[PDB]
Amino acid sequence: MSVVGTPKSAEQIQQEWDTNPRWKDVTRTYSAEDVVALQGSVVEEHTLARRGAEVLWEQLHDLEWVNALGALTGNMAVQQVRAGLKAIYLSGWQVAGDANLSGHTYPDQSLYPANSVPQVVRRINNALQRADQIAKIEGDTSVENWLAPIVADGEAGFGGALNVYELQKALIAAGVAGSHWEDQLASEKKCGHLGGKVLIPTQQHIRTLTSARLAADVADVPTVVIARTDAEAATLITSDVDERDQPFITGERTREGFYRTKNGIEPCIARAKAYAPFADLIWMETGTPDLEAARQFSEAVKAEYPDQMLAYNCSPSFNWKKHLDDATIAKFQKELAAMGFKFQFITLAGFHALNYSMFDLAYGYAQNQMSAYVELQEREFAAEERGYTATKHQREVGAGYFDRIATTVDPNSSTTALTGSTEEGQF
């Protein structure tokens, strides 16, 4: 038929695994032939997932650290990149609360449809692509890379290893650069800072990490895979079958059949070492923002895996000034980066920016009507000297770009949008 999309040979894939530094200290318990057997006759190219994963991997080794904020709409991600950030964090918590395919508001318990995060990945890429298109026709070189890598939340995989596989494949189709996977029971999943967490056995999470690598290999992209452990706070586990988990099992049960288990940094360090051959970064959820506890985790893991990169949640679930003074707050990310936490992110930044800014505006509007909105518009005009552009909302969503399409199709069109607009006249 065609050679478009012809799959590589097993020999070619193996040679890449053997020689490319990307795969240094990456364990695959399946074979190159196993991957080829799953690829059918044609392999779709995933341009944005390949580019994003390559850019992310290089940034993790070139920059002092890579930091990000949670984004739940496309416009949110556009502003993060315009303001200088070099990666986007896609929070599952935020999707549950305000951006999932059921249309409902949910707490962070894997309640929403499992294709919700992939749809938001695709949306963010679409929004960044439009900003890129607009910058090109405008001659705007201020942003070097509009297509910042997206790191997205895989939660606990919404089921078994096959649900993990399908979620990873959908995230890649949408253009994700990295995805993270946590060792909780999917049916009882929680935000790391909620109670009632139930762990699964160490080997079951290795199965999840293997399945996420397998889906990326079958899709022929070098996706960044992140392992997260919830063992710092969880006091339940589903089974005592894994000998690595038994040192923490107390022998108590629950009515549901769960096993009580002893939480803290020790099972976290043990699990992280077990996950390390199967993860590009490792992340330990913590109960407080504590540089000393982060140091103990980092040093214990790197005692055995010196080159293992780590990730850290700078969570809005912490009351920051109840825990830390302003000087420690200001140095927090820089100190973490020196310990090897190379990916750092504020999970719920978008939820809090969106909810606070609308409450603040709506409250003033309820009291004083247009005066409250004008105060916001003036702050927007003032932000232009910092690089803000969305004051001109028509060009910001592509009115000029679609004007260019329109005049390319018909240079004599009587119905283009920007000429004669109030944006042209008053902005």
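One-based numbering along the sequence shown.
Stretches 242-250 and 343-351 differ in mean C-alpha B factor, with the higher average recorded for 242-250. Just going by the entry, 278-286 versus 251-259 on mean CA temperature factor gives the higher value to 251-259. Annotation for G264, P107, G157, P118: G264 ranks highest, by Cα B-factor. Ranking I134, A212, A293, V176 by Cα temperature factor from the entry places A293 first. The deposited CA B-factor of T47 belongs to the lowest third of values across its chain. When the modelled residues of the chain are ordered by C-alpha B-factor, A406 sits in the lowest third. The entry lists a Cα temperature factor for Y305 that places it in the highest third of the chain's modelled residues.
Placement of the Cα temperature factor of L194 within the chain: highest third of the modelled residues, per the deposited record. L361: CA B factor in the lowest third of modelled residues in this chain (values from the PDB entry).
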